[PDB]
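Worksheet: one structure, shown below.
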Amino acid sequence: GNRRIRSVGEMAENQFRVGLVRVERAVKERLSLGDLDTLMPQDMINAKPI
DNA sequence: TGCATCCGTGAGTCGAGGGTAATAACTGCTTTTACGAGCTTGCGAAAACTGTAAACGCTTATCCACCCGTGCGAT
C-alpha cells in the first residue's frame with residue numbers, strides 16, 4: 001500500500017512535460033525579443049527538443 | 001573525548017544488441033592554399049647494328065694398323 005505501479009502511458013507523459021519545459025524557455029525569450037505584428041506561432045515553436 | 005564530516009570498499013566467467021542531440025549572424029575585405037594546365041629532363045624500352053672465340057651442320061690434309069685386292073702355297 002506504500003508502493004505504486006507506473007506504466008507506459010504515465011512514464012511517457014512525464015517525459016512529455018520535460019520536453020514542453022523547453023518550450024517555456026524559448027517562448028518567454030521570444031515574446032520580449034521578437035517582433036509583434038509578424039510573429040506566427042509556427043515561427044516561435046521548435047520541434048527538436050520536444 | 002567524544003562528536004561530525006569524510007574517503008573507500010563491495011566474487012567470477014560469459015553473454016545479447018548498439019549509439020545521440022539542444023543551439024549559436026551577418027557583412028566587406030585581404031591573405032593563404034589548393035587544383036588543373038603546361039613544360040622539361042630522365043629513365044626504362046624497342047629496333048637496329050659493329051667487335052670475337054667458339055658457333056650449329058659439314059670437306060680435306062695426313063699417319064697407321066686391324067681387316068684382306070689378289071696371286072701362289074698347306075693334307
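Values in this text are rule-based calculations from the coordinates and carry no lab data. Virtual Cβ from ideal backbone geometry, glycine too; neighbours counted across all protein chains shown.
Beta carbons closer than 7 Å, at least 6 apart along the sequence or on distinct chains, pair a first residue in region A:16-42 that is of a type in the set (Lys, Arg) with a second that is surrounded by 10 or more Cβ atoms within 10 Å (Cβ to Cβ) for A:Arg22/A:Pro49; A:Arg22/A:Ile50; A:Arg30/A:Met44. Residues of region A:28-43 that are in a helix (DSSP H, G or I) and either among the hydrophobic types (A, V, I, L, M, F, W, C) or away from DNA strand B (no atom under 12 Å from the Cβ) (or both): A:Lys28, A:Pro41, A:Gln42.
Return a yes/no flag: does region A:6-27 have any residue that is more than 13 Å from DNA strand B (Cβ to nearest atom) and part of a loop (DSSP other than H, G, I, E, B). Scanning region A:6-27 turns up at least one residue that is more than 13 Å from DNA strand B (Cβ to nearest atom) and part of a loop (DSSP other than H, G, I, E, B).
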